[PDB]
file coords-v2.cif (mmCIF, C-alpha atoms)
data_my_file
#
loop_
_atom_site.label_atom_id
_atom_site.label_comp_id
_atom_site.auth_asym_id
_atom_site.auth_seq_id
_atom_site.Cartn_x
_atom_site.Cartn_y
_atom_site.Cartn_z
CA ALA A 1 131.18 -17.76 -84.60
CA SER A 2 129.15 -17.41 -87.84
CA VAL A 3 126.83 -14.74 -89.25
CA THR A 4 124.33 -17.63 -89.62
CA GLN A 5 124.07 -17.44 -85.80
CA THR A 6 123.58 -13.67 -85.43
CA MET A 7 120.15 -12.06 -85.45
CA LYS A 8 118.17 -11.29 -88.59
CA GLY A 9 116.17 -8.02 -88.80
CA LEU A 10 117.38 -6.44 -85.57
CA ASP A 11 115.80 -3.11 -84.70
CA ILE A 12 118.39 -1.62 -82.40
CA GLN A 13 115.85 0.98 -81.02
CA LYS A 14 113.66 -1.62 -79.36
CA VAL A 15 116.40 -3.04 -77.16
CA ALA A 16 116.60 0.30 -75.31
CA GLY A 17 116.36 0.33 -71.55
CA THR A 18 117.03 -1.79 -68.49
CA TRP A 19 118.37 -5.32 -68.64
CA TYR A 20 119.61 -7.96 -66.22
CA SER A 21 122.35 -10.60 -66.93
CA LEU A 22 120.81 -13.93 -65.85
CA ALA A 23 123.53 -16.19 -67.22
CA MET A 24 126.92 -16.18 -68.89
CA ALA A 25 129.03 -18.68 -70.76
CA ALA A 26 132.56 -18.45 -72.16
CA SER A 27 134.91 -20.40 -74.46
CA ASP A 28 137.78 -20.25 -71.94
CA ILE A 29 137.59 -20.49 -68.16
CA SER A 30 139.84 -17.45 -67.62
CA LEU A 31 137.28 -15.08 -69.16
CA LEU A 32 134.73 -15.63 -66.34
CA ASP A 33 136.31 -17.66 -63.46
CA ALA A 34 136.73 -14.73 -61.02
CA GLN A 35 134.80 -11.59 -60.00
CA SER A 36 137.51 -9.51 -61.75
CA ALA A 37 137.77 -11.59 -64.97
CA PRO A 38 137.70 -9.22 -67.95
CA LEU A 39 134.28 -10.28 -69.36
CA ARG A 40 132.63 -10.90 -65.99
CA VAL A 41 130.51 -7.79 -66.57
CA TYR A 42 126.79 -7.29 -65.95
CA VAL A 43 124.69 -5.29 -68.38
CA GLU A 44 122.64 -2.70 -66.55
CA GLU A 45 121.21 -0.71 -69.44
CA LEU A 46 121.29 -0.53 -73.25
CA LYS A 47 120.87 2.75 -75.05
CA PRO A 48 120.67 3.04 -78.81
CA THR A 49 121.60 6.42 -80.26
CA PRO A 50 119.81 8.27 -83.11
CA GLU A 51 123.02 7.45 -85.12
CA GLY A 52 122.41 3.68 -84.70
CA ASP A 53 125.30 2.93 -82.31
CA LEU A 54 124.77 1.06 -79.04
CA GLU A 55 125.78 2.55 -75.62
CA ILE A 56 126.20 -0.16 -73.01
CA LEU A 57 126.00 0.43 -69.25
CA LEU A 58 127.97 -2.32 -67.47
CA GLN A 59 128.84 -3.29 -63.90
CA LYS A 60 132.23 -4.84 -63.21
CA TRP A 61 134.38 -5.43 -60.12
CA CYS A 62 131.11 -3.23 -58.56
CA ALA A 63 132.02 -0.21 -60.75
CA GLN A 64 129.89 1.45 -63.41
CA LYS A 65 131.41 1.25 -66.89
CA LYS A 66 130.09 2.74 -70.10
CA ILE A 67 131.20 1.54 -73.52
CA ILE A 68 130.08 2.47 -76.99
CA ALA A 69 129.49 -0.22 -79.57
CA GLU A 70 129.44 1.32 -83.10
CA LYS A 71 127.40 -0.33 -85.83
CA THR A 72 129.19 -2.22 -88.60
CA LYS A 73 128.10 -3.37 -92.04
CA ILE A 74 126.62 -6.63 -90.65
CA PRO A 75 123.46 -5.80 -88.64
CA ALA A 76 123.32 -7.23 -85.12
CA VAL A 77 127.16 -7.02 -85.06
CA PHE A 78 128.71 -4.04 -83.29
CA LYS A 79 132.25 -2.92 -82.79
CA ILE A 80 133.47 -1.72 -79.45
CA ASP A 81 136.21 0.49 -80.80
CA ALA A 82 138.70 0.38 -77.97
CA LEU A 83 142.41 -0.27 -78.35
CA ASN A 84 141.73 -4.06 -78.39
CA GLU A 85 139.18 -5.04 -81.07
CA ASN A 86 135.99 -6.33 -79.47
CA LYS A 87 132.75 -7.08 -81.36
CA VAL A 88 129.27 -7.27 -79.84
CA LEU A 89 127.08 -9.90 -81.50
CA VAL A 90 123.32 -9.98 -80.89
CA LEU A 91 122.16 -13.55 -81.46
CA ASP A 92 118.46 -13.06 -80.78
CA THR A 93 115.84 -11.03 -78.96
CA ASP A 94 112.09 -10.48 -78.82
CA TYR A 95 112.87 -7.01 -77.33
CA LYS A 96 110.18 -7.24 -74.65
CA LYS A 97 111.60 -10.08 -72.61
CA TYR A 98 115.01 -11.58 -73.54
CA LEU A 99 118.24 -10.71 -75.38
CA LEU A 100 121.12 -13.02 -76.09
CA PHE A 101 124.52 -11.69 -77.08
CA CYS A 102 128.19 -12.44 -77.33
CA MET A 103 131.49 -10.61 -77.12
CA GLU A 104 134.42 -11.73 -79.34
CA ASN A 105 138.13 -11.11 -78.62
CA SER A 106 139.16 -10.59 -82.28
CA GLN A 107 139.53 -16.58 -80.46
CA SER A 108 137.67 -15.98 -77.21
CA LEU A 109 133.96 -15.63 -76.82
CA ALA A 110 131.70 -14.86 -73.92
CA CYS A 111 127.89 -14.80 -74.28
CA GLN A 112 125.03 -13.65 -72.04
CA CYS A 113 121.38 -14.15 -71.47
CA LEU A 114 119.68 -10.80 -70.65
CA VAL A 115 116.15 -10.40 -69.27
CA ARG A 116 113.94 -7.34 -68.94
CA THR A 117 112.60 -8.12 -65.45
CA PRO A 118 113.46 -10.74 -62.82
CA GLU A 119 109.93 -12.07 -63.50
CA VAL A 120 109.77 -15.82 -62.94
CA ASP A 121 110.17 -17.24 -66.49
CA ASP A 122 112.72 -19.42 -68.36
CA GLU A 123 112.24 -18.69 -72.09
CA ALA A 124 115.53 -16.71 -72.01
CA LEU A 125 117.44 -19.41 -70.19
CA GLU A 126 116.03 -22.08 -72.52
CA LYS A 127 116.69 -20.19 -75.72
CA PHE A 128 120.19 -19.30 -74.41
CA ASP A 129 121.11 -22.93 -73.58
CA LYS A 130 119.77 -23.87 -77.03
CA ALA A 131 122.06 -21.28 -78.73
CA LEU A 132 125.20 -22.22 -76.70
CA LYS A 133 125.02 -25.84 -77.89
CA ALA A 134 126.47 -24.77 -81.23
CA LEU A 135 129.39 -22.88 -79.70
CA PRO A 136 132.40 -24.16 -77.79
CA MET A 137 131.76 -23.15 -74.17
CA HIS A 138 134.02 -24.29 -71.29
CA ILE A 139 132.66 -22.19 -68.39
CA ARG A 140 128.92 -21.62 -67.78
CA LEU A 141 127.18 -19.49 -65.13
CA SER A 142 123.64 -18.86 -63.88
CA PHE A 143 122.64 -16.24 -61.29
CA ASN A 144 120.14 -16.94 -58.53
CA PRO A 145 117.61 -14.25 -57.43
CA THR A 146 119.76 -12.71 -54.65
CA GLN A 147 122.55 -12.38 -57.30
CA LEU A 148 120.20 -10.16 -59.36
CA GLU A 149 120.92 -6.99 -57.32
CA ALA B 1 121.29 -34.70 -52.52
CA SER B 2 119.71 -38.16 -52.03
CA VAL B 3 121.07 -41.64 -51.34
CA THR B 4 119.03 -42.65 -54.43
CA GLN B 5 121.72 -40.77 -56.41
CA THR B 6 124.82 -42.29 -54.78
CA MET B 7 126.47 -45.43 -56.13
CA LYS B 8 125.25 -48.94 -55.42
CA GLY B 9 127.80 -51.74 -54.78
CA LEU B 10 130.93 -49.60 -54.71
CA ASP B 11 134.18 -51.49 -54.31
CA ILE B 12 136.45 -48.81 -52.92
CA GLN B 13 139.63 -50.86 -53.81
CA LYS B 14 139.10 -50.60 -57.54
CA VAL B 15 139.12 -46.82 -57.65
CA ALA B 16 142.77 -46.84 -56.55
CA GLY B 17 145.31 -44.91 -58.57
CA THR B 18 145.65 -41.91 -60.86
CA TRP B 19 142.76 -39.72 -61.89
CA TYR B 20 142.22 -36.47 -63.78
CA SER B 21 139.42 -33.88 -63.11
CA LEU B 22 137.88 -33.20 -66.54
CA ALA B 23 134.93 -31.14 -65.34
CA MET B 24 133.38 -29.57 -62.27
CA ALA B 25 130.01 -28.15 -61.36
CA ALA B 26 128.78 -26.41 -58.21
CA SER B 27 125.50 -25.26 -56.63
CA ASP B 28 126.88 -21.76 -55.90
CA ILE B 29 129.21 -19.68 -58.06
CA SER B 30 131.51 -18.82 -55.13
CA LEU B 31 132.60 -22.45 -54.71
CA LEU B 32 134.40 -22.55 -58.10
CA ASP B 33 134.57 -19.01 -59.65
CA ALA B 34 138.29 -18.39 -58.94
CA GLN B 35 141.55 -20.38 -58.95
CA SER B 36 141.57 -20.12 -55.12
CA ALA B 37 137.88 -20.99 -54.52
CA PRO B 38 137.68 -23.59 -51.74
CA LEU B 39 136.44 -26.53 -53.88
CA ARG B 40 138.42 -25.62 -56.99
CA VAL B 41 140.63 -28.66 -56.35
CA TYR B 42 141.92 -31.24 -58.81
CA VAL B 43 142.09 -34.90 -57.86
CA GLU B 44 145.49 -36.33 -58.65
CA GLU B 45 145.26 -39.75 -57.03
CA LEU B 46 142.88 -41.90 -54.97
CA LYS B 47 144.18 -44.42 -52.49
CA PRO B 48 141.96 -46.80 -50.59
CA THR B 49 143.38 -48.15 -47.34
CA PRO B 50 143.12 -51.76 -46.05
CA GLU B 51 140.76 -50.22 -43.40
CA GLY B 52 138.32 -49.06 -46.13
CA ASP B 53 138.95 -45.29 -45.85
CA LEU B 54 139.77 -43.17 -48.89
CA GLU B 55 142.99 -41.04 -49.10
CA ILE B 56 142.64 -38.26 -51.65
CA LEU B 57 145.57 -36.50 -53.33
CA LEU B 58 144.44 -33.04 -54.48
CA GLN B 59 145.95 -30.03 -56.24
CA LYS B 60 144.79 -26.56 -55.23
CA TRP B 61 146.09 -23.01 -55.69
CA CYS B 62 149.20 -25.36 -57.38
CA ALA B 63 149.87 -27.01 -53.99
CA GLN B 64 149.64 -30.70 -53.12
CA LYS B 65 147.00 -31.47 -50.49
CA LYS B 66 146.17 -34.79 -48.91
CA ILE B 67 142.89 -35.46 -47.15
CA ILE B 68 141.44 -38.59 -45.63
CA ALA B 69 137.83 -39.50 -46.24
CA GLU B 70 136.67 -42.09 -43.64
CA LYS B 71 133.93 -44.54 -44.55
CA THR B 72 130.46 -44.09 -43.06
CA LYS B 73 127.49 -46.42 -42.70
CA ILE B 74 126.19 -45.55 -46.21
CA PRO B 75 128.56 -47.06 -48.82
CA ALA B 76 129.84 -44.65 -51.48
CA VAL B 77 129.51 -41.85 -48.87
CA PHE B 78 132.67 -40.79 -47.05
CA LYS B 79 133.34 -38.29 -44.34
CA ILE B 80 136.26 -35.94 -44.54
CA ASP B 81 136.64 -35.47 -40.82
CA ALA B 82 138.08 -31.99 -40.65
CA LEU B 83 136.84 -29.22 -38.39
CA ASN B 84 134.10 -28.36 -40.96
CA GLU B 85 131.96 -31.42 -41.84
CA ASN B 86 132.49 -32.40 -45.47
CA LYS B 87 131.13 -35.60 -47.08
CA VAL B 88 132.47 -37.25 -50.23
CA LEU B 89 129.72 -38.86 -52.32
CA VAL B 90 130.58 -41.27 -55.15
CA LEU B 91 127.71 -41.15 -57.64
CA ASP B 92 129.02 -43.69 -60.13
CA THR B 93 132.08 -45.34 -61.62
CA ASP B 94 133.10 -48.24 -63.84
CA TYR B 95 136.54 -48.09 -62.12
CA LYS B 96 138.50 -48.48 -65.36
CA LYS B 97 137.54 -45.25 -67.05
CA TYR B 98 135.35 -42.70 -65.18
CA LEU B 99 134.35 -41.66 -61.65
CA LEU B 100 131.78 -39.08 -60.71
CA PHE B 101 131.65 -37.61 -57.23
CA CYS B 102 130.43 -34.75 -55.11
CA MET B 103 131.47 -32.85 -52.02
CA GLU B 104 128.78 -31.52 -49.61
CA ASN B 105 129.21 -28.60 -47.18
CA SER B 106 127.06 -30.08 -44.38
CA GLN B 107 123.76 -26.60 -48.43
CA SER B 108 126.59 -26.37 -50.94
CA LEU B 109 127.62 -29.03 -53.37
CA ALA B 110 130.40 -29.34 -55.88
CA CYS B 111 130.73 -32.40 -58.16
CA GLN B 112 133.44 -33.67 -60.51
CA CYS B 113 133.94 -35.87 -63.49
CA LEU B 114 137.19 -37.89 -63.12
CA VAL B 115 138.88 -39.87 -65.91
CA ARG B 116 141.66 -42.44 -65.80
CA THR B 117 143.56 -41.18 -68.86
CA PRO B 118 143.23 -38.10 -71.09
CA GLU B 119 142.28 -40.62 -73.82
CA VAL B 120 139.89 -39.05 -76.32
CA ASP B 121 136.45 -40.25 -75.09
CA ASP B 122 133.26 -38.62 -73.70
CA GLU B 123 131.41 -41.35 -71.74
CA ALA B 124 132.49 -39.58 -68.50
CA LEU B 125 131.41 -36.16 -69.67
CA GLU B 126 128.10 -37.54 -70.95
CA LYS B 127 127.31 -39.54 -67.85
CA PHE B 128 128.35 -36.54 -65.70
CA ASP B 129 126.08 -34.07 -67.55
CA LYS B 130 123.31 -36.66 -67.24
CA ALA B 131 123.79 -36.87 -63.43
CA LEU B 132 124.00 -33.05 -62.91
CA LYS B 133 120.56 -32.54 -64.48
CA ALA B 134 118.96 -33.74 -61.25
CA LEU B 135 120.97 -31.40 -59.02
CA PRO B 136 120.86 -27.63 -58.73
CA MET B 137 124.08 -26.43 -60.38
CA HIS B 138 124.83 -22.71 -60.98
CA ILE B 139 128.47 -22.85 -62.14
CA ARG B 140 129.80 -25.48 -64.59
CA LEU B 141 133.36 -26.06 -65.85
CA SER B 142 135.14 -28.20 -68.45
CA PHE B 143 138.91 -28.44 -68.92
CA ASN B 144 140.55 -28.48 -72.33
CA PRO B 145 143.61 -30.71 -73.03
CA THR B 146 146.29 -28.11 -72.14
CA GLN B 147 144.41 -27.66 -68.80
CA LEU B 148 145.02 -31.37 -68.06
CA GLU B 149 148.61 -30.84 -66.82
#
call {"tool": "encode", "arguments": {"input": "coords-v2.cif", "output": "structure tokens"}}
result
Amino acid sequence: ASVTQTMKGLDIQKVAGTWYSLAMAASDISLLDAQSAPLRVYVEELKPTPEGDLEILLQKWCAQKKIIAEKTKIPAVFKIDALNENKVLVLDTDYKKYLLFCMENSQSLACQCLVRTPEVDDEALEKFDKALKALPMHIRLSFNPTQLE
Amino acid sequence: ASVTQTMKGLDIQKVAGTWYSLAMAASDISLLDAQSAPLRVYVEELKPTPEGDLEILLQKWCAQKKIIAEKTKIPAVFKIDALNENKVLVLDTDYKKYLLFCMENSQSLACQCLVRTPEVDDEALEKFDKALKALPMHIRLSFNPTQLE
């Protein structure tokens, strides 16, 4: 992906709190085509620190995971400093309703559409679809309302 | 789905021969979100009979399967008479390049875009995307050129 695509003027503090993963897309099928695929994870909560890092509460196959994404020089880009280099890229958010982001396997690329509340609305899903057009995506997933919880 | 969506004036004889599954979509994630999901099958060959039925050579997880789809009153709609009622619905084809079809769990619905040859072209993928707009699809899959074989 390009920095052109990442978010401008992100305030990390305002993304705090509860989120729900409404849809996912990935550049290769293997990343999402099974409950136990490595990036088939559901964001539960986001928690900025006072130091500007991003704590991420995930659900996997479900287990609770916690990962820390440290800030980098580029804003809206965060580094999950595990053994295998993974970046978190925030593409866009209005903070109060939706948040789009991707994960890069520093090649592969999985993105998500996050919503604050399962409120009936499709701004997120529209804006997400409109951002994925510019990226190569080979698998694409949307969760119905019984899938949320 | 509706009969409005199925193909008009299908000649079953002209779909004979080799095909490749370039993309799949389904109404529920579970139908395709794993190599061993029940409708994660790849058409290898189609073989009309002189009696107007449709033999279907599939690849699964890969194993070779063979299933017979018998003709019904509605043309372009075929019945896979197994224990669990499954219909095959041909939505459209020009015979010489693409073929779109769905499978119904008489509720659930998985469709595919089939091409004659991995020839670089995107009529099939365009016409497929344009037919899926009218159907509820929650998982969506496209195969790159190393995935074909």
call {"tool": "resolve_selection", "arguments": {"input": "coords-v2.cif", "expression": "the PyMOL selection byres ((chain B) within 10 of (chain A))", "output": "ChimeraX atom specification"}}
result
/B:23-30,32-37,137-144,147
call {"tool": "residues_around", "arguments": {"input": "coords-v2.cif", "residues": "residue 75 of chain B", "least_positions_apart": "3", "cutoff": "8 Å", "atoms": "all atoms listed in the file", "output": "PyMOL selection string"}}
result
chain B and resi 7-10+71-72+78
call {"tool": "write_last_selection", "arguments": {"input": "coords-v2.cif", "atoms": "C-alpha atoms", "output": "PDB file, keeping the file's coordinate frame"}}
result
ATOM      1  CA  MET B   7     126.470 -45.430 -56.130  1.00  0.00           C
ATOM      2  CA  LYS B   8     125.250 -48.940 -55.420  1.00  0.00           C
ATOM      3  CA  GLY B   9     127.800 -51.740 -54.780  1.00  0.00           C
ATOM      4  CA  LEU B  10     130.930 -49.600 -54.710  1.00  0.00           C
ATOM      5  CA  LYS B  71     133.930 -44.540 -44.550  1.00  0.00           C
ATOM      6  CA  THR B  72     130.460 -44.090 -43.060  1.00  0.00           C
ATOM      7  CA  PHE B  78     132.670 -40.790 -47.050  1.00  0.00           C
TER       8      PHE B  78
END
call {"tool": "residues_near_point", "arguments": {"input": "coords-v2.cif", "point": "(135.1, -48.8, -67.3)", "cutoff": "12 Å", "atoms": "only C-alpha atoms", "output": "list in words"}}
result
residues 14, 15, 92, 93, 94, 95, 96, 97, 98, 99, 114, 115, 116, 117, 121, 123 and 124 of chain B
call {"tool": "closest_residue", "arguments": {"input": "coords-v2.cif", "among": "A:100, A:109, A:43, A:67", "to": "residue 81 of chain A", "atoms": "all atoms listed in the file"}}
result
A:67
call {"tool": "atom_distance", "arguments": {"input": "coords-v2.cif", "atom1": "atom CA of residue 126 of chain A", "atom2": "atom CA of residue 113 of chain A"}}
result
9.6 Å
call {"tool": "axis_aligned_box", "arguments": {"input": "coords-v2.cif", "around": "segment 33-36 of chain B", "padding_each_side": "6 Å", "output": "AutoDock Vina command-line options"}}
result
--center_x 138.1 --center_y -19.4 --center_z -57.4 --size_x 19.0 --size_y 14.0 --size_z 16.5
call {"tool": "residues_near_point", "arguments": {"input": "coords-v2.cif", "point": "(132.1, -39.7, -51.3)", "cutoff": "8 Å", "atoms": "all atoms listed in the file", "output": "list in words"}}
result
residues 69, 76, 77, 78, 79, 87, 88, 89, 90, 91, 101, 102 and 103 of chain B
call {"tool": "build_atoms", "arguments": {"input": "coords-v2.cif", "residues": "segment 80-96 of chain A", "atoms": "N, CA, C and O atoms", "output": "short mmCIF file (atom, residue, chain, number, x, y, z; two decimals), in the frame of the given file"}}
result
data_model
loop_
_atom_site.label_atom_id
_atom_site.label_comp_id
_atom_site.auth_asym_id
_atom_site.auth_seq_id
_atom_site.Cartn_x
_atom_site.Cartn_y
_atom_site.Cartn_z
N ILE A 80 133.03 -2.53 -80.55
CA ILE A 80 133.47 -1.72 -79.45
C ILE A 80 134.85 -1.24 -79.85
O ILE A 80 135.83 -2.00 -79.79
N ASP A 81 134.94 0.01 -80.30
CA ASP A 81 136.21 0.49 -80.80
C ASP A 81 137.01 1.03 -79.63
O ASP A 81 136.97 2.21 -79.31
N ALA A 82 137.69 0.09 -78.97
CA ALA A 82 138.70 0.38 -77.97
C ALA A 82 140.03 0.05 -78.62
O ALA A 82 140.09 -0.26 -79.80
N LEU A 83 141.10 0.10 -77.84
CA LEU A 83 142.41 -0.27 -78.35
C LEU A 83 142.41 -1.72 -78.84
O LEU A 83 142.92 -1.98 -79.93
N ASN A 84 141.82 -2.63 -78.05
CA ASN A 84 141.73 -4.06 -78.39
C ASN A 84 140.38 -4.40 -79.03
O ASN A 84 139.33 -4.29 -78.39
N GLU A 85 140.41 -4.81 -80.30
CA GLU A 85 139.18 -5.04 -81.07
C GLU A 85 138.22 -6.03 -80.39
O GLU A 85 138.53 -7.20 -80.21
N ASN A 86 137.06 -5.51 -79.98
CA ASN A 86 135.99 -6.33 -79.47
C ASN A 86 134.70 -6.06 -80.24
O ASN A 86 134.31 -4.91 -80.37
N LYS A 87 134.09 -7.13 -80.76
CA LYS A 87 132.75 -7.08 -81.36
C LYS A 87 131.62 -7.52 -80.41
O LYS A 87 131.75 -8.49 -79.67
N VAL A 88 130.50 -6.82 -80.47
CA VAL A 88 129.27 -7.27 -79.84
C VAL A 88 128.35 -7.93 -80.86
O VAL A 88 128.00 -7.31 -81.86
N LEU A 89 127.95 -9.16 -80.59
CA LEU A 89 127.08 -9.90 -81.50
C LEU A 89 125.73 -10.22 -80.86
O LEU A 89 125.67 -11.05 -79.98
N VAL A 90 124.66 -9.60 -81.33
CA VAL A 90 123.32 -9.98 -80.89
C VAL A 90 122.84 -11.23 -81.62
O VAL A 90 122.75 -11.25 -82.84
N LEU A 91 122.56 -12.28 -80.87
CA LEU A 91 122.16 -13.55 -81.46
C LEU A 91 120.66 -13.61 -81.66
O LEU A 91 120.18 -14.23 -82.59
N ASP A 92 119.91 -12.99 -80.75
CA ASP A 92 118.46 -13.06 -80.78
C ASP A 92 117.81 -12.26 -79.67
O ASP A 92 118.38 -12.09 -78.60
N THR A 93 116.61 -11.78 -79.94
CA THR A 93 115.84 -11.03 -78.96
C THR A 93 114.42 -10.88 -79.46
O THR A 93 114.21 -10.79 -80.64
N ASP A 94 113.47 -10.88 -78.53
CA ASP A 94 112.09 -10.48 -78.82
C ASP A 94 111.85 -9.08 -78.24
O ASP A 94 110.70 -8.62 -78.18
N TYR A 95 112.92 -8.41 -77.78
CA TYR A 95 112.87 -7.01 -77.33
C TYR A 95 112.17 -6.81 -75.98
O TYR A 95 112.67 -6.10 -75.13
N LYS A 96 111.03 -7.46 -75.80
CA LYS A 96 110.18 -7.24 -74.65
C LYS A 96 110.44 -8.18 -73.52
O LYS A 96 109.83 -8.03 -72.47
#
